[PDB]
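Colleague: Experimental coordinates for this protein are included below, preceded by the sequence.
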Amino acid sequence: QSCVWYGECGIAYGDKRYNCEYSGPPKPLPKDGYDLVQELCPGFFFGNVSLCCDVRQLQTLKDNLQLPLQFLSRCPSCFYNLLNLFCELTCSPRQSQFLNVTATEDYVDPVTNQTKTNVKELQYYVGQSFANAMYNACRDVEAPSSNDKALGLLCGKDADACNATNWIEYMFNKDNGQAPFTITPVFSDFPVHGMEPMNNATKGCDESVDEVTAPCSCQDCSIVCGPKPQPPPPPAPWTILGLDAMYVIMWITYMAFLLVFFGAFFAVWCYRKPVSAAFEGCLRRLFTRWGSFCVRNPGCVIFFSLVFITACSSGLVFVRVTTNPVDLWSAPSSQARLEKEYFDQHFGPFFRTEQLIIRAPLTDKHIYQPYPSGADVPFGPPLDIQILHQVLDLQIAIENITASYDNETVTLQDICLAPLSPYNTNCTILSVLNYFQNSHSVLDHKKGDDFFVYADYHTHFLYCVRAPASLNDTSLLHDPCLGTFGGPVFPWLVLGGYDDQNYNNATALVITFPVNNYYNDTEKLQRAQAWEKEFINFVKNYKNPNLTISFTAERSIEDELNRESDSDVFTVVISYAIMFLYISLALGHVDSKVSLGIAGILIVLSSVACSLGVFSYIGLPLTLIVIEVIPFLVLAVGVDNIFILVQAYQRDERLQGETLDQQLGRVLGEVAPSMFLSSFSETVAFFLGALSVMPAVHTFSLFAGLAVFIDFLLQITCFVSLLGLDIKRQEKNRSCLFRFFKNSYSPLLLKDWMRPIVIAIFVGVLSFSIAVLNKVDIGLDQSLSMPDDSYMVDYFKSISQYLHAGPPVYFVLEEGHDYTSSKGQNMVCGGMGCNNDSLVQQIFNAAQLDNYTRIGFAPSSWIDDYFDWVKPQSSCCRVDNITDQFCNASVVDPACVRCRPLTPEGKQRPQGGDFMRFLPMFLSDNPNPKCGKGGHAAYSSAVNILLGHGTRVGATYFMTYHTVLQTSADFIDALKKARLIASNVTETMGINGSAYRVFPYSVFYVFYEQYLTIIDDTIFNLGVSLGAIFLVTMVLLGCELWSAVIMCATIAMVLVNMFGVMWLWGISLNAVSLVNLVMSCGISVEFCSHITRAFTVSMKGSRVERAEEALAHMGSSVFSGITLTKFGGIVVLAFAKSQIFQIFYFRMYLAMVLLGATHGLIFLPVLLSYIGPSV
Ligand SMILES: *[C@@H]1O[C@H](CO)[C@@H](O[C@@H]2O[C@H](CO)[C@@H](O)[C@H](O[C@H]3O[C@H](CO)[C@@H](O)[C@H](O)[C@@H]3O)[C@H]2NC(C)=O)[C@H](O)[C@H]1NC(C)=O
Ligand SMILES: *[C@@H]1O[C@H](CO)[C@@H](O[C@@H]2O[C@H](CO)[C@@H](O[C@@H]3O[C@H](CO)[C@@H](O)[C@H](O)[C@@H]3O)[C@H](O)[C@H]2NC(C)=O)[C@H](O)[C@H]1NC(C)=O
Ligand SMILES: *[C@@H]1O[C@H](CO)[C@@H](O[C@H]2O[C@H](CO)[C@@H](O)[C@H](O)[C@H]2NC(C)=O)[C@H](O)[C@H]1NC(C)=O
Ligand SMILES: *[C@@H]1O[C@H](CO)[C@@H](O[C@H]2O[C@H](CO)[C@@H](O)[C@H](O)[C@H]2NC(C)=O)[C@H](O)[C@H]1NC(C)=O
Ligand SMILES: CC(C)CCC[C@@H](C)[C@H]1CC[C@H]2[C@@H]3CC=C4C[C@@H](O)CC[C@]4(C)[C@H]3CC[C@]12C
Ligand SMILES: CC(C)CCC[C@@H](C)[C@H]1CC[C@H]2[C@@H]3CC=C4C[C@@H](O)CC[C@]4(C)[C@H]3CC[C@]12C
Ligand SMILES: *[C@@H]1O[C@H](CO)[C@@H](O)[C@H](O)[C@H]1NC(C)=O
Ligand SMILES: *[C@@H]1O[C@H](CO)[C@@H](O)[C@H](O)[C@H]1NC(C)=O
Ligand SMILES: *[C@@H]1O[C@H](CO)[C@@H](O)[C@H](O)[C@H]1NC(C)=O
Ligand SMILES: *[C@@H]1O[C@H](CO)[C@@H](O)[C@H](O)[C@H]1NC(C)=O
Ligand SMILES: *[C@@H]1O[C@H](CO)[C@@H](O)[C@H](O)[C@H]1NC(C)=O
Ligand SMILES: *[C@@H]1O[C@H](CO)[C@@H](O)[C@H](O)[C@H]1NC(C)=O
Ligand SMILES: *[C@@H]1O[C@H](CO)[C@@H](O)[C@H](O)[C@H]1NC(C)=O
Ligand SMILES: *[C@@H]1O[C@H](CO)[C@@H](O)[C@H](O)[C@H]1NC(C)=O
Ligand SMILES: *[C@@H]1O[C@H](CO)[C@@H](O)[C@H](O)[C@H]1NC(C)=O
């Protein structure tokens, strides 16, 4: 056997040369084009080659394969068979078996006068199962900038009826203009004329060609791609018989309660036919004696108390204020905080983002019609050419801003981040104008002639939203849309308002300005914030009636909070003014107590300032929010104690010749145990609520506890002396409620029929509260912490309404992994031979779910890219022969050799020291137009290399994006499921011990890690505070366990009803809701204590009469003392300016006050009447 048509001497036209005829033996290859044999069909290299082939023939094949390579190279198993059909067809060693030249003519040589016979025509025998396996396996390849089949672009006609036999005929036909001579294919599967066609092994778009080349994608093949994944949605509601299954357990219980209760009443109604006294007695004596002492030594007492106030409150000179949200809302040692500490150290902190959500309301969508052919494509309003010009103008102007600072200018070019610098230094700007490179000329330049435009910016947009990483349009335009900074711009980051793939339909435009964030550096942060201030002002004052901008900045939340935290002290001052007005006129009724009310307010403010100052000395910084919510609470408690004491005296009648000290000592000894119990129960409650892990609640709790305690002490002391002085005064000229409570309310409430109704109603409300308890929301909106008139609220609305991607995620593989071994790479890979449970594959599956696991996009790993780069076929890597230095992809090719040898052993992955030998050059590679993307603009940051000792790799991350996250529920779900993925990877890696582990890092993790344990945090906090209250009460009130248990049960009822009100007004259970509940459990005592003690210490006959006696006596002071004061306070606060107050403090306080009032003054009377301790 032998080949024909050897060499290429003839010429058809242009460069087309008819191959020369030569029917001799197959020519041993010259050892010269060994590389070509490894590129065209490596199936020939088993050296004795004896190939009929010629290198000018190999290179003219390669020249013809440019467009087929461009289309079918997407799926290697396809372009592989196509090659099998051409290499064998041209210079296979048994060419004569399946070939027969027909037409040949002399070719005169202008060099030798020697006639060389050209091959004008011949037939090529192709199997039918071969043409069938080829077309059917390549028929699915889609084209770029379209959703057609690449055969639609390679048949020469519509892709709907290009059969498999005709297309090969057209490919071999010179009628297209590419084939140098037309070949008539014969598709016979059996040897005819003694001529048997070629039938080599064949591979479809599903099977892979080599142990390193992944199969074709289901984008370009329909058979490879199967059933989608699906998670099971568990609601986990019990729903016993149709309803919440908690609505029924309670309704069922309540009916049982009402029957077992009225079935005992209506059942009896027919039946008509040293251990305690020793500690409670020394306190009375001590307090009487001390009150007498303070009443007869007023000068010394008041002077020492003022000296104490100043000595303690002068530490307010060292006051520091914390405004950085991380320190406020993040525990200094939480798991997420430690992960953020680890990420900022090895990869540098996450950058600062300044978004811009532009929208064009004044415009309608328009249609784009392709000239040659194609369905109509509608474009959203903002993708209009005029709107694009105006947005480009806005962006180019946003780049000017300089915002001088510290006597020096600070330009964006200076503060923004440029990944690949100092080679390219423009910087990262993520706008849809980067597809055109921010150029009016590039945006307007058209490539058509009158009556039609060939290409347009519509065409460019459509091509690169499909392929945003190209370096040229390569389709009648030949322009890249990679971006001025170098690196792709993903269409989901620069657009919004479209529908699930149709970036044509985008209704909004997103524009991001990434800025470097610095780790332990303040001049740079000051510089960035100084630029951001001017950016904000500019964007705020830009008019442009054609656009509706929703903007933000990294420093905008902090600015918003410093503006709301100073806009309500103007609120707190009116509150104290109304408190003083009420206190001055109501404290007894020149029967006016204005002088005494002023003294009480000054003692209270003194207590506030003193608390703040002592803790400033200790070093706890102020949150300025506390400094605003603390005064209200302290005023409430102080006014209650003052009124109790002053009124028991006012209501006290003097024995025989008593001057002043004896009466005051007697009144204080009989009133102090109660005031002391209330003050201590609240101090302990508050201090104990200062145990959670949140610096804002921690410090607030501490501050408020100390202020209340110090205020109690200072009041009881300076104020009892000053009360003695003022009582002496006025006795030289220098009740209507009590009648009611005893006269018409106490008797009514305690009748024998009204009591069962009241108890039933209150137990019913408690049952309701227990039923709807577990339906309380969890978390904070993050949009309600802002005023109403702010632009951040609008920005959050715009996000929720338009954006499609969320915050980026980094799956940080900690330091300690190998990376220099087959298995060490398989654990990390998302590739050919490495495992199916690897990190990248697991993140890929998670992204495939995208609703269950809130991870939206593929990992975009660096090791997969590195391997693609190092593969010899790619050829991007190329070293100098003598220097072992990185030869760029654009080089004269003087002496640079390929990095990996092009052999079967070199095809494998670089497992040994070549990995770490070539990795740095990759990470230093730039985006070369001939090579590709390079590994500098995307992975230089993502890979850490330790110098020396073999240059072992450090910590690396694989960053993907979250899905649009709109609510606290969304954020907590994202955190949880990211943790799940990380734990799976950590498990699968099978680490010896816990030397290292994978963990995900996102910006909001520190702010949302508290809601993964907030429920157990609430349980612990509430239980501990209530047990502390219980113990303090059962100790201080004597030793009666019955009174203490009744009071504790009433406060627990109050808390449960607090949770009911939470559910009912839409308050969430965050660390603020939790602080207020743990506080309320401490304020309830202030109500529940007076009534129960007035009941306990009484020696009348029946339970009803004891109840009415306690009600009259103490409740006349309790309704006027605590209720009205706290009510005036809350009604002034109802008009807030910061949202969080007006929602949580106002609602929580109104609920607490009115709930405690009702419980105390009604349910305590009746419950004691029924089951109170006898004596
Ligand atoms: C989201 O974008 C897609 C396309 O990117 C929109 O699909 C197109 O819908 C518009 C609506 O008018 C059609 O103009 C267009 O269909 C055109 O071409 C067909 C081809 O025969 C023609 O018969 C029609 O008359 C029309 O000219 C749609 N494109 C196709 C065929 O896919 C989709 O509607 C967008 N979503 C929204 C909210 O509009
Ligand atoms: C992932 O996100 C959500 C899953 O919660 C899915 O949302 C897609 O589109 C909108 C979202 O607002 C919803 O639309 C659906 O439209 C059809 C129209 O016929 C309607 O019959 C459905 O009842 C539903 O309203 C829907 O949440 C969702 N659509 C579908 C078909 O799921 C999204 O689809 C999810 N991704 C995948 C791949 O399912
Ligand atoms: C077509 O099939 C033939 C089968 O002989 C291939 O020829 C080689 O087959 C093996 C590699 O595929 C070699 O190990 C054999 O040495 C060699 N067989 C012969 C001719 O003796 C041929 O390579 C196939 N086509 C391609 C893709 O090269
Ligand atoms: C971004 O980098 C490009 C080069 O990569 C810089 O060069 C540009 O300079 C002018 C912009 O002011 C344009 O007129 C040039 O066309 C453009 N270079 C090329 C190749 O055309 C440019 O200065 C950088 N920034 C901007 C804003 O373009
Ligand atoms: C417009 C489309 C159809 C063109 C793509 C098909 C082209 C690239 C195919 C069809 C026929 C093929 C040619 C058939 C014959 C020869 C002669 C041989 O000694 C070198 C390869 C060469 C030159 C082939 C190059 C690739 C080729 C030209
Ligand atoms: C209110 C009492 C307990 C004092 C505490 C005041 C401060 C610490 C509270 C009040 C409002 C709160 C903010 C509410 C909203 C947000 C936006 C969110 O994306 C980050 C947390 C952050 C920033 C919270 C941090 C904590 C916060 C600032
Ligand atoms: C090739 O693939 C096509 C795709 O539909 C299929 O119809 C055809 O049967 C396949 N060829 C076979 C099975 O021989
Ligand atoms: C703003 O930018 C324009 C264009 O880059 C430039 O001409 C001008 O000097 C810059 N500064 C201005 C306008 O103050
Ligand atoms: C910067 O400071 C120097 C010295 O204080 C001063 O002379 C100079 O004017 C300042 N820069 C500008 C722009 O004014
Ligand atoms: C895109 O198109 C050209 C072909 O004209 C290609 O060679 C190159 O990769 C890109 N253009 C340039 C000028 O490099
Ligand atoms: C809006 O766009 C038009 C486009 O012609 C322009 O003339 C106008 O100045 C822009 N701003 C407006 C109308 O406020
Ligand atoms: C996954 O793990 C290995 C590698 O593929 C294999 O033993 C197993 O069958 C695979 N199965 C799936 C579903 O990935
Ligand atoms: C490249 O280096 C090899 C290694 O010794 C050497 O044999 C070869 O001659 C060198 N070629 C050139 C062009 O420097
Ligand atoms: C390519 O590498 C050469 C090596 O010296 C360098 O001079 C040139 O600037 C590089 N071009 C790129 C990275 O685009
Ligand atoms: C984590 O892995 C388990 C099996 O080990 C699997 O059941 C679960 O779905 C995985 N979680 C994901 C993929 O979020």
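Modeller: Yes, it's here. Numbers count the residues shown, from 1 in each chain. Ligands and ions are numbered 1, 2, ... in the order given.
Colleague: Work out the gap between the host helix or strand of residue 563 and the centre of the chain.
Modeller: Assigned by DSSP states H and E, residue 563 belongs to helix 556-564. Remark: helix 556-564 is offset 20 Å from the chain centroid, using CA atoms, centre = their mean, to the nearest Å.
Colleague: So what touches it?
Modeller: 323-325, 532, 536, 624-625, 785-787, 790, 792, 1137-1139 (CB atoms under 8 Å, 6 or more residues apart in numbering). (C-beta placed from N, C-alpha, C; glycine too.)
Colleague: quick one: buried residues of the helix or strand that it is followed by?
Modeller: Note on helix 556-564: by DSSP H and E, the next helix or strand toward the C-terminus is helix 569-586. Residues 571, 572, 575, 576, 579, 580, 582, 583, 584, 586 are the ones in helix 569-586 that count as buried (16 or more other CB atoms under 10 Å).
Colleague: follow-up on the earlier one: pull out the buried residues from the helix holding residue 563.
Modeller: 556, 559, 560, 561, 564.
Colleague: likewise stretch 593-607?
Modeller: For stretch 593-607, by 16+ other CB under 10 Å, it's 593, 596, 597, 599, 600, 601, 603, 604, 605, 606, 607.
Colleague: Return the member of those nearest to residue 663.
Modeller: residue 596 (16.5 Å; CB to CB).
Colleague: re earlier: now intersect the contacts of helix 556-564 with the helices, please.
Modeller: 325, 532, 536, 792 (DSSP state H).
Colleague: of these, closest to ligand 6?
Modeller: residue 325 (4.4 Å; CB to the nearest ligand atom).
Colleague: Please, where are all the strands along the stretch 451-600 of the chain?
Modeller: Per DSSP state E, counting those that start in this stretch, the stretch 451-600 of the chain carries strands over the ranges 495-496, 508-510, 550-551.
Colleague: got CSV for those strands, with mean neighbour count too?
Modeller: Converted to CSV, the strands of the stretch 451-600 of the chain look like this (neighbours: other CB atoms under 10 Å):
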stretch, mean neighbour count
strand 495-496, 25
strand 508-510, 25
strand 550-551, 23
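Colleague: want to try TSV for these, with distance to residue 852 as columns?
Modeller: Below are these laid out as TSV (distance: least, CB to CB, whole Å):
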stretch	distance to residue 852
strand 495-496	24
strand 508-510	26
strand 550-551	30
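Colleague: Out of those, flag the one nearest ligand 5.
Modeller: The nearest among the strands of the stretch 451-600 of the chain, by CB to the nearest ligand atom, is strand 495-496 at 35.2 Å.
Colleague: counting contacts, what elements does that closest one pack onto?
Modeller: Packing partners of strand 495-496 (3 or more CB pairs under 8 Å, 6 or more residues apart in numbering; DSSP states H and E): strand 508-510.
Colleague: do that again at 10 Å, thanks
Modeller: strand 508-510, helix 791-802 (3 or more CB pairs under 10 Å, 6 or more residues apart in numbering; DSSP states H and E).
Colleague: And ligand 1, is the first one touching that?
Modeller: Which is strand 508-510. No. Under the criterion of CB under 6 Å from any ligand atom, ligand 1 is not reached by strand 508-510; the shortest gap measures 13.9 Å.
Colleague: Now find how far off-centre that strand is within its chain.
Modeller: Using CA atoms, centre = their mean, the offset of strand 508-510 from its chain centre is 20 Å.
Colleague: likewise the last one?
Modeller: With CA atoms, centre = their mean as the basis, helix 791-802 stands 15 Å off its chain's centre.
Colleague: Same question for stretch 114-127.
Modeller: 67 Å.
Colleague: do stretch 349-365 as well
Modeller: The answer for stretch 349-365 is 19 Å, by CA atoms, centre = their mean.
Colleague: Having no further points to raise, I will conclude here.
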